[PDB]
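Notes for the one structure printed next.
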Amino acid sequence: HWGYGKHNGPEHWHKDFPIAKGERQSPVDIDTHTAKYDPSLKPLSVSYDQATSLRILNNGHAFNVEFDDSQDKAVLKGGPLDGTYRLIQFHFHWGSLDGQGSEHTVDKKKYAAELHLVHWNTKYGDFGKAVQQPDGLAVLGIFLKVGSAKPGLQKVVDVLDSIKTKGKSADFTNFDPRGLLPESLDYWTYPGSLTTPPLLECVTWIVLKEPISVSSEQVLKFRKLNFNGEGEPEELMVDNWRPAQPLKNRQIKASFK
Ligand SMILES: NS(=O)(=O)c1ccc(NCc2ccco2)cc1
Ligand code: NA
Ligand code: NA
Ligand SMILES: [Zn+2]
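In the entry's author numbering, the protein residues as written are 4 to 125, 127 to 261.
Listed below in structure tokens is the structure:
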């Protein structure tokens, strides 16, 4: 029964998910002046040309665009990662207004939204086994600011009317996630967690420095989705973000000088 409201939101999650107060929780504030350049990091290898999207689902928290991960197709390698991580889904977090919505912050700045491309380490065979491991997942995070439209996002925007309420899904084949990336792959990285329950501490976070621009109209359509199911009182799907958590004994590394 967790969610993002006053009575089931981030301040309550620890009661059913005590790892919420753990040692490597996400998101975090990225303090740009103390994140040290690491020359031992590698360029990120994002190989999405063979991605096979399947479906888009309103899960009552966000919407997920799901991929066929049954074989090595869309994969993330390099950067801080050892081995190969397979894309399973992407989703966003966003605000009720443009001045909030991101989960990570940069020198305390909140972006209007944040895209998470979720990948699992193929050495563990399946996503469920990967989330029992401290290096099971890699999430590529991309900030959204409001300005010019993002052409590669429009196909997502235009299907949202058909998945307004929790539990609705729609076919979403032949979507190219390369259209959601910025120009630069410069990034920050740190060890963290899922940002929603069960809050598992499995994630190598890779957060791109360059935001993507989306238009006001694109993000406004995100905000017309519903947390509730069909026939229930309308609760707009907005402010589905967790605030920054304590950094504790962690270092954020920069891939760029
Ligand atoms: N916001 S996020 O990128 O950290 C993220 C990514 C993936 C899941 N998955 C949730 C799940 C299902 C079974 C175990 O866990 C939850 C949150
Ligand atoms: Na540091
Ligand atoms: Na297959
Ligand atoms: Zn997320």
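Note that the Cβ used here is the ideal one computed from N, Cα and C, for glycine as well.
Any non-hydrogen atom of ligand 3 within 8 Å of residue i CB
{"i": "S73", "result": "yes"}
heavy atom of ligand 2 below 8 Å from residue i C-beta
{"i": "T37", "result": "yes"}
{"i": "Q28", "result": "no"}
{"i": "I210", "result": "no"}
Neighbourhood of residue i by C-beta, 6 Å cutoff - its chain only, sequence neighbours within 5 removed
{"i": "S99", "result": "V242, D243"}
{"i": "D41", "result": "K257"}
{"i": "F226", "result": "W97"}
{"i": "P201", "result": "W5, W16, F20"}
Cβ separation of residue i and residue j, assumed to be a contact under 8 Å, to the nearest whole Å
{"i": "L203", "j": "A23", "result": "5 Å"}
{"i": "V68", "j": "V143", "result": "No, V68 and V143 are not in contact; Cβ-Cβ is about 14 Å, not under 8 Å."}
{"i": "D190", "j": "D110", "result": "Not quite, the Cβ-Cβ distance comes to about 16 Å (not below 8 Å), so this is no contact."}
{"i": "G63", "j": "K170", "result": "4 Å"}
{"i": "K252", "j": "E26", "result": "5 Å"}
Those residues which DSSP pairs with residue i across a bridge
{"i": "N124", "result": "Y88"}
{"i": "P195", "result": "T208"}
{"i": "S219", "result": "Partner(s): none; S219 has no beta bridge."}
{"i": "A116", "result": "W97, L148"}
{"i": "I59", "result": "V68, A174"}
{"i": "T108", "result": "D32"}
Separation of residue j from residue i, as counted between CA atoms
{"i": "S188", "j": "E214", "result": "6 Å"}
{"i": "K127", "j": "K133", "result": "10 Å"}
{"i": "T193", "j": "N124", "result": "16 Å"}
{"i": "residue 262", "j": "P247", "result": "Since the displayed the chain opens at 4 and closes at 261, residue 262 lies outside it and no answer follows."}
{"i": "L184", "j": "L141", "result": "20 Å"}
{"i": "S219", "j": "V161", "result": "11 Å"}
{"i": "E205", "j": "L198", "result": "7 Å"}
{"i": "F93", "j": "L120", "result": "4 Å"}
{"i": "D75", "j": "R89", "result": "7 Å"}
{"i": "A153", "j": "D180", "result": "17 Å"}
{"i": "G8", "j": "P155", "result": "32 Å"}
{"i": "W245", "j": "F95", "result": "9 Å"}
{"i": "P250", "j": "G129", "result": "31 Å"}
{"i": "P237", "j": "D139", "result": "40 Å"}
{"i": "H36", "j": "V163", "result": "40 Å"}
{"i": "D72", "j": "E14", "result": "33 Å"}
{"i": "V78", "j": "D85", "result": "12 Å"}
Sequence-distant residues of the same chain with beta carbon closer than 8 Å to residue i, five excluded per side
{"i": "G81", "result": "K45, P46, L47, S48"}
{"i": "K113", "result": "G98, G102, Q103, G104, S105"}
{"i": "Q158", "result": "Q222"}
{"i": "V150", "result": "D101, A115, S217, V218, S219, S220, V223"}
{"i": "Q137", "result": "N124, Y128, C206"}
{"i": "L240", "result": "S99, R227, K228, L229, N230, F231"}
Closer than 8 Å: residue i CB and nearest ligand 4 heavy atom
{"i": "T200", "result": "yes"}
{"i": "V143", "result": "yes"}
Spatial neighbours of residue i in its chain, beta-carbon cut-off 7 Å, leaving aside the 5 residues before and after
{"i": "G12", "result": "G6"}
{"i": "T177", "result": "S56, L57"}
{"i": "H107", "result": "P30, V31, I33, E117, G145, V211"}
{"i": "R254", "result": "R27, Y194, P195"}
Distance cut-off 8 Å: residue i Cβ against heavy atoms of ligand 1
{"i": "residue 3", "result": "Residue 3 falls outside the range modelled here, since the chain spans only 4 to 261, and no answer is possible."}
{"i": "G132", "result": "yes"}
{"i": "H119", "result": "yes"}
{"i": "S197", "result": "yes"}
{"i": "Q137", "result": "no"}
{"i": "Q158", "result": "no"}
{"i": "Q103", "result": "no"}
{"i": "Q249", "result": "no"}
Residue i beta carbon near ligand 5 (any heavy atom closer than 8 Å)
{"i": "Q255", "result": "Among the ligands modelled here, namely ligand 1, ligand 2, ligand 3 and ligand 4, ligand 5 does not occur."}
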